[PDB]
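Colleague: Next up is a structure, given as structure tokens.
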Amino acid sequence: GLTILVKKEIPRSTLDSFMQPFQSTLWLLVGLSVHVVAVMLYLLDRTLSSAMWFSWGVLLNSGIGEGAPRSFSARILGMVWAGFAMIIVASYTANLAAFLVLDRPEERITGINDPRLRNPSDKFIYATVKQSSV
Amino acid sequence: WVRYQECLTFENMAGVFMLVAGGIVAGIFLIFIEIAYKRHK
Amino acid sequence: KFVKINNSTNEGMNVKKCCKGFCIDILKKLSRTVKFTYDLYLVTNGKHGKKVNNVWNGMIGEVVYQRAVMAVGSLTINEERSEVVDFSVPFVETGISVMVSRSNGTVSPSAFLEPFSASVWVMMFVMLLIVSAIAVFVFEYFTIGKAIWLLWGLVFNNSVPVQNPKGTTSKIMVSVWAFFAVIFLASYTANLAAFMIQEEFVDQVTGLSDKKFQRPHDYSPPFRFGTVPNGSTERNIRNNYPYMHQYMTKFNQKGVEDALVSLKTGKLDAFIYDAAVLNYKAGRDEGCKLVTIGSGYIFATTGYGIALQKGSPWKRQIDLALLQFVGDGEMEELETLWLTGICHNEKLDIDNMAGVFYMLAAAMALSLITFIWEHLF
Amino acid sequence: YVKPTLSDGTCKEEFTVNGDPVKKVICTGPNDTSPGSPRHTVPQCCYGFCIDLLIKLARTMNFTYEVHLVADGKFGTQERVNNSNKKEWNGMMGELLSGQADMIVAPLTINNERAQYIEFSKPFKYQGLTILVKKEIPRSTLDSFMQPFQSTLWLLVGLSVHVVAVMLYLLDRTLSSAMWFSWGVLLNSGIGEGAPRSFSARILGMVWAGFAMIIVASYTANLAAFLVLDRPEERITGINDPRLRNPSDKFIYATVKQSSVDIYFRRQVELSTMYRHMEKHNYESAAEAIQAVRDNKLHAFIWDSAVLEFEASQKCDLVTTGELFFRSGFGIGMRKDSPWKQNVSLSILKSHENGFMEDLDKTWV
């Protein structure tokens, strides 16, 4: 029978995507927001330098336990920062899920009864030999 | 004749390796600078 | 068709170049059905029907001058065109619409549209907090501050020093609460990913005279008004109101295809013109970046027709044949053979969650107010 | 609309949403809408959309009208009468080859089956017919615990982790402390109960912690896949869909029996079968059937696009589907050849062009 052939794009991604694929501007804004949160925690705390060394930045990162609380206000701010971190985590989770779902963008042309390749284009010059039975 | 033959990885690790090596290499100089600052103060 | 000899010489010859299409298709089919013959030709002078001091530039006037019976093309039913001639019962619905094209991708971030700020998960959170506090009190057999720290900690994340266990039952309840919390986190991640699966690109204006189409200068952006001289849409837009008319003359560039080509990237973003033509243009548009934001919004829902004479013996038979064609299901096949677009029927960002940061920022300011109370006593 | 007048017999108590008078008329509507009853041709009160259009005709064209309910209700198809071979019409336009007739106002489709004897006018609203189906609540509520996963397999892995904890306790020699440490590491807790001296015990604990992290990742990924990929909703799409085409004795979908489209499906040799199916299942109304679809009695129903779209929009219970086919519009009916044809046509055309149809339709439907 008659059938169509196509090249293939072997690579698809690099698996080494930074926060820039999310957004580089988002990465810079997130860094600025983290710096702002750390500065606000340090300002409200007044430990001191010893507290500010590992009060919230580590706490925002992971569980290190080297923070020195100053007041219940600091505890509430820390709970809020933990909620914000969880929100960012879920946001990047959905970001990675969207990238995983979005993989393989090109769609294989299922024949010429499909008008997609039947529609003439300025991009595809697909053809056969000259003077054939087709 | 017609038919006889039939036809979470390291890709994520190159940049991570480069960044880890860069961070590890410069740690000694930073620790030396911190020790010098502590000694001078 | 007749072509003038070059351009300056009014003389010329009736060159021939074969023509075809859906109107040609239906023409041939009705020709077989009724068993008649024809010598179809092409018109050059003017186009469509519009009296210019009681002068219609051919087309319809070709029917009233007794100069030709039958004239089928891009035909638009209108008021003044419904008395000079007599029309045929329609078989295609189409009217006026807008064809605005946006610059780039438009989506709804839904930053605040998380299932929070409602009464769905709030009740579950309250019940879980009450259960945790009750269990802490039971296992108790300072404490309030530590209990609050535990409640706030192993809900969002244990990434904070809140460690203070008492007994084995405390460990068991902590394990159950942590299981519930991680189940909630997984469910929220899944739900937000599922929202990322869906999308929202509903509309931009939703109205032919909603707000801008009264004084585009007053609105501030002067949306292009590239209509066509002595066409079909212009008569009706003037008739309904001259508010668009006073700015309609600001721009009238070229044909519909050239207009869409210019509006894709050149100067304009919004276009108003006949429905089906723009439907077809947008369906086959390269990359589908040219799609009308009207979801198919029409002010002139009408039909096509044939340009019979003023009583020529063709109405009854033509009507019978056309209704037989529509009922028996043929020009559906013809349309899907001819009229179908390319995409058409088949189908962690900085700004995305930006707003809630400000809201979170606002929430942060609230904490500052509490410091006043801390400074009160 | 047929809402009976006030008890005094005078239609009243009607105001628009924006606040305006509402126009209705009395009209001799026999209350015996059922097929067979003691006739009570009571003049009821009627209004809606076509009444408004007729009033627009009255305001533009000077005439007097006596609207009355059809005694039949059928739209009118050729029907050889019983015990005879003579072909005749019935219903509204069966009255056309009868006495008063002389005018026809209703939502009526451009149709060839009647166009031989009568003439239509230009259409004012273009819409066809499609399919509706009763609805059911979503099942993606995530209420159950291990339903997306396997509860038996969850029990298996729980037994496995209990056995792992027991095996770790066997190497404690503390054992209770080691079990508490294992259970805490099960959920990334780090309580600190168990720290056995042996380094091999610590290595095994770290390995078990990694394994638990992997197992949790697997469980949450399976649950997330089950939630994201959940979409078991799929109805018949188009006539060519075989589920619609296959006549199943279990579920039945029908249309209005002997109403406009009956001939539309009787003439055609392609479908054929579903016509026979509806012959024993198509109902004789437009409201009892639509309340029977939601009654979990009718699988689906075929009828005019605007009618079903409006009916579903008013009560958020059912959703229609299927792209429009058999495209057409509504046109006004006449008798024989009245000179009013061109006047009626030009009037509707002028109103439609100017921008009054849009306001009236948005107001009423």
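Ordering of the structure tokens sets the chain letters (A, B, ...); residue numbers start at 1 within each chain; ligands are numbered from 1 in the order shown.
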Residues of chain D within 6 Å of chain C, using only C-alpha atoms, as a list in words?
Modeller: residues 112, 224, 228, 350 and 354 of chain D
Colleague: Kindly export the residues of the current selection with C-alpha atoms, as a short mmCIF file (atom, residue, chain, number, x, y, z; two decimals), in the first residue's frame.
Modeller:
```cif
data_model
loop_
_atom_site.label_atom_id
_atom_site.label_comp_id
_atom_site.auth_asym_id
_atom_site.auth_seq_id
_atom_site.Cartn_x
_atom_site.Cartn_y
_atom_site.Cartn_z
CA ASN D 112 -39.79 20.81 1.99
CA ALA D 224 -2.45 12.02 41.50
CA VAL D 228 -5.89 13.93 36.97
CA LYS D 350 -35.94 46.03 8.35
CA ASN D 354 -31.91 47.89 12.49
#
```
Colleague: I'd like the contact shell of range 5-10 of chain B - 12 Å cut-off, only C-alpha atoms, skipping same-chain residues fewer than 6 positions apart - returned as a PDB file with C-alpha atoms, in the first residue's frame.
Modeller:
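Heads up, here's the output in result_29.pdb:
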```pdb
ATOM      1  CA  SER A  13      14.464  18.139  26.677  1.00  0.00           C
ATOM      2  CA  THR A  14      17.532  18.236  28.930  1.00  0.00           C
ATOM      3  CA  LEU A  15      16.176  17.303  32.404  1.00  0.00           C
ATOM      4  CA  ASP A  16      18.491  20.039  33.727  1.00  0.00           C
TER       5      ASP A  16
ATOM      6  CA  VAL B  16      23.847  19.684  39.102  1.00  0.00           C
ATOM      7  CA  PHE B  17      27.360  18.214  38.982  1.00  0.00           C
TER       8      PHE B  17
END
```
Colleague: Hey, what does DSSP flag as helix (DSSP H, G or I) within chain B? Can you give it to me as a VMD selection string?
Modeller: chain B and resid 10 to 25 27 to 40
Colleague: Using only C-alpha atoms, can you tell me which of A:43, A:86, A:48, A:37 comes closest to chain C?
Modeller: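 Of A:43, A:86, A:48, A:37, the one nearest chain C is A:86, counting only C-alpha atoms.
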Colleague: For residue 294 in chain C, list every protein, DNA or RNA residue within 12 Å, evaluated using only C-alpha atoms, and leave out those in the same chain fewer than 5 positions away; present the list as a list in words.
Modeller: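 Final neighbour list, sorted by chain and number: residues 96, 97, 98, 99, 100, 101, 201, 202, 203, 204, 205, 206, 207, 208, 270, 271, 272, 275, 278, 279 and 299 of chain C.
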Colleague: The selected residues should be written to file as an mmCIF file, in the first residue's frame (atoms: N, CA, C and O atoms).
Modeller:
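Written output follows (result26.cif):
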```
data_model
loop_
_atom_site.group_PDB
_atom_site.id
_atom_site.type_symbol
_atom_site.label_atom_id
_atom_site.label_comp_id
_atom_site.auth_asym_id
_atom_site.auth_seq_id
_atom_site.Cartn_x
_atom_site.Cartn_y
_atom_site.Cartn_z
ATOM 1 N N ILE C 96 -22.824 39.692 10.350
ATOM 2 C CA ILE C 96 -21.714 40.553 10.737
ATOM 3 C C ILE C 96 -21.134 40.072 12.056
ATOM 4 O O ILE C 96 -21.850 39.565 12.926
ATOM 5 N N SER C 97 -19.823 40.236 12.213
ATOM 6 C CA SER C 97 -19.164 39.905 13.467
ATOM 7 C C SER C 97 -17.882 40.714 13.577
ATOM 8 O O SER C 97 -17.513 41.472 12.674
ATOM 9 N N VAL C 98 -17.206 40.537 14.705
ATOM 10 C CA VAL C 98 -15.901 41.121 14.964
ATOM 11 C C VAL C 98 -14.868 40.010 14.875
ATOM 12 O O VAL C 98 -15.174 38.831 15.088
ATOM 13 N N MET C 99 -13.640 40.387 14.535
ATOM 14 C CA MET C 99 -12.534 39.451 14.355
ATOM 15 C C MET C 99 -11.274 39.977 15.028
ATOM 16 O O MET C 99 -10.190 40.014 14.441
ATOM 17 N N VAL C 100 -11.409 40.409 16.281
ATOM 18 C CA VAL C 100 -10.263 40.941 17.003
ATOM 19 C C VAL C 100 -9.230 39.846 17.232
ATOM 20 O O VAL C 100 -9.565 38.697 17.547
ATOM 21 N N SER C 101 -7.961 40.194 17.037
ATOM 22 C CA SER C 101 -6.848 39.293 17.302
ATOM 23 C C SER C 101 -5.993 39.873 18.418
ATOM 24 O O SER C 101 -5.579 41.034 18.348
ATOM 25 N N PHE C 201 -9.917 31.012 28.357
ATOM 26 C CA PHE C 201 -9.705 32.057 27.362
ATOM 27 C C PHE C 201 -11.048 32.542 26.834
ATOM 28 O O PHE C 201 -11.289 32.603 25.626
ATOM 29 N N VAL C 202 -11.949 32.883 27.757
ATOM 30 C CA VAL C 202 -13.367 33.013 27.422
ATOM 31 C C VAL C 202 -13.594 34.141 26.421
ATOM 32 O O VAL C 202 -14.027 33.905 25.287
ATOM 33 N N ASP C 203 -13.301 35.379 26.815
ATOM 34 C CA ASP C 203 -13.644 36.519 25.973
ATOM 35 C C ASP C 203 -12.848 37.738 26.413
ATOM 36 O O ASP C 203 -12.150 37.719 27.430
ATOM 37 N N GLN C 204 -12.968 38.805 25.624
ATOM 38 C CA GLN C 204 -12.285 40.071 25.867
ATOM 39 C C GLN C 204 -13.223 41.271 25.877
ATOM 40 O O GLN C 204 -13.012 42.198 26.662
ATOM 41 N N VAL C 205 -14.249 41.282 25.024
ATOM 42 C CA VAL C 205 -15.142 42.431 24.921
ATOM 43 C C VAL C 205 -16.583 41.993 25.145
ATOM 44 O O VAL C 205 -17.281 42.540 26.006
ATOM 45 N N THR C 206 -17.036 41.010 24.365
ATOM 46 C CA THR C 206 -18.384 40.450 24.457
ATOM 47 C C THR C 206 -19.443 41.540 24.249
ATOM 48 O O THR C 206 -20.230 41.878 25.135
ATOM 49 N N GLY C 207 -19.426 42.091 23.040
ATOM 50 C CA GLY C 207 -20.415 43.075 22.649
ATOM 51 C C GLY C 207 -19.970 43.914 21.472
ATOM 52 O O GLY C 207 -18.813 44.341 21.409
ATOM 53 N N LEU C 208 -20.877 44.160 20.530
ATOM 54 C CA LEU C 208 -20.564 44.982 19.371
ATOM 55 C C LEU C 208 -20.671 46.472 19.654
ATOM 56 O O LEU C 208 -20.214 47.276 18.835
ATOM 57 N N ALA C 270 -8.308 44.598 16.028
ATOM 58 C CA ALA C 270 -9.723 44.269 15.947
ATOM 59 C C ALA C 270 -10.245 44.521 14.540
ATOM 60 O O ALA C 270 -9.910 45.532 13.916
ATOM 61 N N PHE C 271 -11.066 43.598 14.045
ATOM 62 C CA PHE C 271 -11.650 43.723 12.719
ATOM 63 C C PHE C 271 -13.116 43.330 12.767
ATOM 64 O O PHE C 271 -13.491 42.398 13.480
ATOM 65 N N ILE C 272 -13.937 44.039 12.002
ATOM 66 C CA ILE C 272 -15.359 43.749 11.878
ATOM 67 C C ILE C 272 -15.664 43.477 10.414
ATOM 68 O O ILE C 272 -15.259 44.249 9.536
ATOM 69 N N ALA C 275 -19.422 37.182 8.737
ATOM 70 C CA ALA C 275 -19.135 36.092 9.660
ATOM 71 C C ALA C 275 -18.352 34.971 8.992
ATOM 72 O O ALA C 275 -17.198 34.710 9.343
ATOM 73 N N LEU C 278 -14.717 35.373 7.837
ATOM 74 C CA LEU C 278 -13.727 35.442 8.905
ATOM 75 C C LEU C 278 -13.598 34.120 9.637
ATOM 76 O O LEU C 278 -12.505 33.779 10.098
ATOM 77 N N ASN C 279 -14.693 33.371 9.765
ATOM 78 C CA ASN C 279 -14.606 32.017 10.294
ATOM 79 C C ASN C 279 -13.591 31.207 9.504
ATOM 80 O O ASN C 279 -12.692 30.576 10.073
ATOM 81 N N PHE C 299 -24.560 40.119 14.723
ATOM 82 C CA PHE C 299 -25.674 41.058 14.749
ATOM 83 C C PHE C 299 -26.586 40.915 13.539
ATOM 84 O O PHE C 299 -27.720 41.407 13.572
#
```
Colleague: Determine, counting only C-alpha atoms, which protein, DNA and RNA residues have an atom within 10 Å of an atom of residue 85 in chain C; residues of the same chain fewer than 3 positions away are not included. Present the result as a list in words.
Modeller: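 My reading of the contact set: residues 60, 61, 62, 63, 64, 80, 81, 82, 306, 307, 308, 309, 310 and 311 of chain C.
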Colleague: Store the residues picked out above, limited to N, CA and C atoms, as a short mmCIF file (atom, residue, chain, number, x, y, z; two decimals), in the first residue's frame.
Modeller:
```
data_model
loop_
_atom_site.label_atom_id
_atom_site.label_comp_id
_atom_site.auth_asym_id
_atom_site.auth_seq_id
_atom_site.Cartn_x
_atom_site.Cartn_y
_atom_site.Cartn_z
N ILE C 60 -26.71 43.39 -8.47
CA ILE C 60 -28.16 43.44 -8.38
C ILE C 60 -28.73 44.21 -9.57
N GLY C 61 -28.13 45.36 -9.88
CA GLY C 61 -28.59 46.14 -11.01
C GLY C 61 -28.59 45.36 -12.30
N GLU C 62 -27.68 44.40 -12.43
CA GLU C 62 -27.69 43.50 -13.57
C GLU C 62 -28.98 42.69 -13.63
N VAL C 63 -29.65 42.49 -12.50
CA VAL C 63 -30.92 41.78 -12.53
C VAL C 63 -32.07 42.72 -12.86
N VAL C 64 -32.04 43.94 -12.33
CA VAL C 64 -33.15 44.86 -12.57
C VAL C 64 -33.08 45.48 -13.96
N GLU C 80 -32.40 47.69 1.31
CA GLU C 80 -32.54 48.27 -0.02
C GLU C 80 -32.38 47.22 -1.11
N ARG C 81 -31.68 46.13 -0.82
CA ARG C 81 -31.50 45.09 -1.80
C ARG C 81 -32.66 44.10 -1.83
N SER C 82 -33.65 44.27 -0.97
CA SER C 82 -34.78 43.35 -0.91
C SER C 82 -35.98 43.84 -1.70
N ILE C 306 -30.46 33.65 -3.99
CA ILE C 306 -30.18 33.75 -5.42
C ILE C 306 -30.82 35.03 -5.93
N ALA C 307 -30.19 35.65 -6.93
CA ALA C 307 -30.61 36.96 -7.43
C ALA C 307 -31.53 36.80 -8.64
N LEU C 308 -32.70 36.21 -8.38
CA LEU C 308 -33.71 36.10 -9.43
C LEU C 308 -34.20 37.48 -9.85
N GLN C 309 -35.03 37.49 -10.89
CA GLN C 309 -35.63 38.72 -11.37
C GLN C 309 -36.79 39.13 -10.47
N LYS C 310 -37.67 39.97 -11.01
CA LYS C 310 -38.77 40.55 -10.26
C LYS C 310 -40.07 39.80 -10.48
N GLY C 311 -39.99 38.50 -10.73
CA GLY C 311 -41.15 37.72 -11.12
C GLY C 311 -40.83 36.72 -12.20
#
```
Colleague: Provide the CA of residue 139 in chain D to CA of residue 345 in chain C distance in Å, to one decimal place.
Modeller: 28.8 Å
Colleague: Grab the CA of residue 239 in chain D to CA of residue 273 in chain D distance for me, in Å with one decimal place.
Modeller: 12.1 Å
Colleague: Taking only C-alpha atoms into account, report as a ChimeraX atom specification which residues of chain D lie within 12 Å of chain A.
Modeller: /D:188-190,221,224-225,228-229
Colleague: Could those residues be written to a file, using C-alpha atoms, as a short mmCIF file (atom, residue, chain, number, x, y, z; two decimals), in the first residue's frame?
Modeller:
```cif
data_model
loop_
_atom_site.label_atom_id
_atom_site.label_comp_id
_atom_site.auth_asym_id
_atom_site.auth_seq_id
_atom_site.Cartn_x
_atom_site.Cartn_y
_atom_site.Cartn_z
CA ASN D 188 9.61 12.20 57.89
CA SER D 189 9.15 13.17 61.53
CA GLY D 190 12.47 12.67 63.33
CA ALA D 221 1.92 9.67 42.20
CA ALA D 224 -2.45 12.02 41.50
CA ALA D 225 -2.58 10.11 38.21
CA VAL D 228 -5.89 13.93 36.97
CA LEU D 229 -6.80 11.23 34.43
#
```
Colleague: Which residues of chain A come within 8 Å of chain C, and for each one, what is the closest pair of atoms and their distance in Å to one decimal, counting only C-alpha atoms, sorted by chain and residue number, as a Markdown table?
Modeller:
```
| residue | atom | partner | partner_atom | distance |
| --- | --- | --- | --- | --- |
| A:22 | CA | C:348 | CA | 4.8 |
| A:23 | CA | C:349 | CA | 5.4 |
| A:25 | CA | C:350 | CA | 6.1 |
| A:26 | CA | C:350 | CA | 3.9 |
| A:27 | CA | C:350 | CA | 7.7 |
| A:29 | CA | C:350 | CA | 7.1 |
| A:59 | CA | C:160 | CA | 5.2 |
| A:60 | CA | C:159 | CA | 6.7 |
| A:61 | CA | C:159 | CA | 7.2 |
| A:62 | CA | C:159 | CA | 4.6 |
| A:63 | CA | C:159 | CA | 3.9 |
| A:64 | CA | C:160 | CA | 7.1 |
| A:65 | CA | C:161 | CA | 4.3 |
| A:66 | CA | C:161 | CA | 7.3 |
| A:67 | CA | C:161 | CA | 7.1 |
| A:73 | CA | C:367 | CA | 7.1 |
| A:75 | CA | C:149 | CA | 7.2 |
| A:77 | CA | C:367 | CA | 7.4 |
| A:78 | CA | C:160 | CA | 7.8 |
| A:79 | CA | C:152 | CA | 5.7 |
| A:82 | CA | C:156 | CA | 5.7 |
| A:83 | CA | C:156 | CA | 5.2 |
| A:86 | CA | C:156 | CA | 6.0 |
| A:90 | CA | C:189 | CA | 5.0 |
| A:91 | CA | C:348 | CA | 5.9 |
| A:92 | CA | C:348 | CA | 5.6 |
| A:93 | CA | C:189 | CA | 6.2 |
| A:94 | CA | C:193 | CA | 4.2 |
| A:95 | CA | C:348 | CA | 5.2 |
| A:97 | CA | C:193 | CA | 6.0 |
| A:98 | CA | C:196 | CA | 6.4 |
| A:115 | CA | C:342 | CA | 7.9 |
| A:116 | CA | C:342 | CA | 6.9 |
```
Colleague: Write out as a list in words which residues come within 9 Å of range 127-139 of chain C when counting only C-alpha atoms, dropping same-chain ones fewer than 4 positions away.
Modeller: residues 122, 123, 147, 148, 151, 166, 167, 168, 169, 170, 173, 174, 177 and 180 of chain C
Colleague: Next, write the just-selected residues to a file, as a PDB file, in the first residue's frame, keeping N, CA, C and O atoms as the atom set.
Modeller:
```pdb
ATOM      1  N   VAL C 122     -12.301  24.898  54.951  1.00  0.00           N
ATOM      2  CA  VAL C 122     -12.225  25.605  56.227  1.00  0.00           C
ATOM      3  C   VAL C 122     -12.810  24.755  57.349  1.00  0.00           C
ATOM      4  O   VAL C 122     -12.244  24.676  58.447  1.00  0.00           O
ATOM      5  N   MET C 123     -13.955  24.117  57.096  1.00  0.00           N
ATOM      6  CA  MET C 123     -14.567  23.268  58.113  1.00  0.00           C
ATOM      7  C   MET C 123     -13.674  22.082  58.452  1.00  0.00           C
ATOM      8  O   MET C 123     -13.532  21.716  59.625  1.00  0.00           O
ATOM      9  N   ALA C 147       1.676  23.881  71.817  1.00  0.00           N
ATOM     10  CA  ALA C 147       0.589  23.265  71.062  1.00  0.00           C
ATOM     11  C   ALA C 147       0.256  24.077  69.818  1.00  0.00           C
ATOM     12  O   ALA C 147       0.011  23.511  68.746  1.00  0.00           O
ATOM     13  N   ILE C 148       0.240  25.406  69.940  1.00  0.00           N
ATOM     14  CA  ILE C 148       0.006  26.256  68.776  1.00  0.00           C
ATOM     15  C   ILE C 148       1.128  26.085  67.760  1.00  0.00           C
ATOM     16  O   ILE C 148       0.888  26.044  66.546  1.00  0.00           O
ATOM     17  N   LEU C 151       0.522  22.849  65.976  1.00  0.00           N
ATOM     18  CA  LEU C 151      -0.617  22.934  65.068  1.00  0.00           C
ATOM     19  C   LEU C 151      -0.255  23.688  63.796  1.00  0.00           C
ATOM     20  O   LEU C 151      -0.630  23.274  62.691  1.00  0.00           O
ATOM     21  N   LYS C 166       5.726  14.264  74.083  1.00  0.00           N
ATOM     22  CA  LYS C 166       5.489  13.901  75.474  1.00  0.00           C
ATOM     23  C   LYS C 166       5.437  12.398  75.693  1.00  0.00           C
ATOM     24  O   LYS C 166       6.185  11.874  76.527  1.00  0.00           O
ATOM     25  N   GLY C 167       4.576  11.684  74.966  1.00  0.00           N
ATOM     26  CA  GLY C 167       4.392  10.264  75.179  1.00  0.00           C
ATOM     27  C   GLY C 167       4.160   9.529  73.873  1.00  0.00           C
ATOM     28  O   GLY C 167       4.171  10.123  72.792  1.00  0.00           O
ATOM     29  N   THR C 168       3.957   8.215  73.998  1.00  0.00           N
ATOM     30  CA  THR C 168       3.742   7.375  72.823  1.00  0.00           C
ATOM     31  C   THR C 168       2.447   7.735  72.106  1.00  0.00           C
ATOM     32  O   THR C 168       2.398   7.753  70.871  1.00  0.00           O
ATOM     33  N   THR C 169       1.380   8.007  72.864  1.00  0.00           N
ATOM     34  CA  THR C 169       0.128   8.432  72.246  1.00  0.00           C
ATOM     35  C   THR C 169       0.305   9.754  71.516  1.00  0.00           C
ATOM     36  O   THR C 169      -0.307   9.981  70.464  1.00  0.00           O
ATOM     37  N   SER C 170       1.139  10.643  72.064  1.00  0.00           N
ATOM     38  CA  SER C 170       1.464  11.879  71.365  1.00  0.00           C
ATOM     39  C   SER C 170       2.129  11.585  70.028  1.00  0.00           C
ATOM     40  O   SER C 170       1.805  12.212  69.014  1.00  0.00           O
ATOM     41  N   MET C 173      -0.591  10.233  67.577  1.00  0.00           N
ATOM     42  CA  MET C 173      -1.444  11.299  67.063  1.00  0.00           C
ATOM     43  C   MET C 173      -0.672  12.204  66.113  1.00  0.00           C
ATOM     44  O   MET C 173      -1.223  12.678  65.114  1.00  0.00           O
ATOM     45  N   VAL C 174       0.605  12.453  66.406  1.00  0.00           N
ATOM     46  CA  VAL C 174       1.432  13.243  65.500  1.00  0.00           C
ATOM     47  C   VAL C 174       1.576  12.532  64.163  1.00  0.00           C
ATOM     48  O   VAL C 174       1.532  13.163  63.105  1.00  0.00           O
ATOM     49  N   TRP C 177      -1.759  12.908  62.295  1.00  0.00           N
ATOM     50  CA  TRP C 177      -1.914  14.276  61.810  1.00  0.00           C
ATOM     51  C   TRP C 177      -0.970  14.565  60.652  1.00  0.00           C
ATOM     52  O   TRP C 177      -1.344  15.256  59.700  1.00  0.00           O
ATOM     53  N   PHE C 180      -2.407  12.973  57.581  1.00  0.00           N
ATOM     54  CA  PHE C 180      -3.479  13.810  57.050  1.00  0.00           C
ATOM     55  C   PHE C 180      -2.919  15.040  56.344  1.00  0.00           C
ATOM     56  O   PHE C 180      -3.401  15.424  55.271  1.00  0.00           O
TER      57      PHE C 180
END
```
